[PDB]
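> pasting an experimental structure, sequence included:
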Amino acid sequence: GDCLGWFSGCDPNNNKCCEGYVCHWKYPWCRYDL
(Lines give C-alpha, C1' and ligand atoms only; values in the text may rest on other atoms or scores of the structure.)
Protein backbone atom coordinates (compact mmCIF):
# COMPACT_ATOMS: atom_id res chain seq x y z
CA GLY A 1 0.00 0.00 0.00
CA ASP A 2 1.27 3.43 -1.01
CA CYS A 3 -1.78 5.71 -0.95
CA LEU A 4 -4.87 5.82 1.26
CA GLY A 5 -7.40 5.16 -1.49
CA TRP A 6 -10.90 6.40 -2.26
CA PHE A 7 -12.12 3.85 0.29
CA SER A 8 -9.76 5.14 2.98
CA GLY A 9 -10.60 8.33 4.86
CA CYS A 10 -8.49 11.47 4.50
CA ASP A 11 -8.55 15.18 5.33
CA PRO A 12 -8.36 18.31 3.13
CA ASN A 13 -5.35 19.65 5.03
CA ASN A 14 -3.74 16.24 5.50
CA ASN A 15 -4.68 14.62 2.19
CA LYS A 16 -2.79 11.33 1.87
CA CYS A 17 -4.60 9.76 -1.09
CA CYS A 18 -3.40 8.81 -4.58
CA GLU A 19 -3.58 11.04 -7.65
CA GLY A 20 -7.18 11.52 -8.74
CA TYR A 21 -8.78 11.55 -5.30
CA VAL A 22 -9.61 14.67 -3.29
CA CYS A 23 -10.28 15.10 0.43
CA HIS A 24 -12.94 17.78 -0.05
CA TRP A 25 -14.22 19.21 3.23
CA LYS A 26 -17.65 18.10 2.01
CA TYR A 27 -16.88 14.53 3.09
CA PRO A 28 -14.07 12.71 4.95
CA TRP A 29 -13.75 9.80 2.52
CA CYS A 30 -11.60 10.44 -0.55
CA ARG A 31 -13.98 11.54 -3.30
CA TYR A 32 -13.18 11.07 -6.99
CA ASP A 33 -12.11 14.04 -9.11
CA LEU A 34 -14.13 13.44 -12.28
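Nice, thanks for sending it over. Numbers count the residues shown, from 1 in each chain.
> which residue is nearest the middle of the chain?
Centrality entry for the chain: nearest residue to the mean C-alpha point is residue 30, 2.9 Å, by Cα atoms, centre = their mean.
> mind listing what it touches?
4, 5, 6, 7, 8, 9, 10, 15, 17, 21, 22, 23 (Cβ atoms under 8 Å, 6 or more residues apart in numbering). Any C-beta I mention is one placed from the backbone N, CA and C, and that applies to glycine too.
> now do the closest residue to residue 9 other than its chain neighbours against residue 7, distance only.
Leaving aside its sequence neighbours, residue 9 sits nearest to residue 28 (Cβ to Cβ, 6 or more residues apart in numbering; 4.7 Å). Distance of residue 28 to residue 7, given as Cβ to Cβ, to the nearest Å: 12 Å.
> more neighbours: which of these two?
Neighbour totals were compared for residue 28 and residue 7, and residue 28 leads with 13 against 9 (other Cβ atoms under 10 Å).
> residues contacting the more buried one?
9, 10, 11.
> so it versus residue 15, what's the distance?
With Cβ to Cβ as the criterion, residue 28 and residue 15 are 11 Å apart.
> any chance of TSV for the contacts of residue 30, columns secondary structure and distance to residue 34?
Shown next, in TSV, are the contacts of residue 30 (DSSP: H, G, I helix; E, B strand; the rest coil; distance: Cβ to Cβ, whole Å):
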residue	secondary structure	distance to residue 34
4	coil	18
5	coil	16
6	coil	11
7	coil	16
8	coil	18
9	strand	19
10	coil	17
15	coil	17
17	coil	14
21	strand	10
22	strand	10
23	coil	15
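> of these, keep whichever come out buried.
Listed as buried from those are 4, 6, 10, 17, 21, 23; burial here means 16 or more other Cβ atoms under 10 Å.
> which ones are touching residue 32?
By Cβ under 8 Å, 6+ apart, the neighbours of residue 32 are 6, 20, 21, 22.
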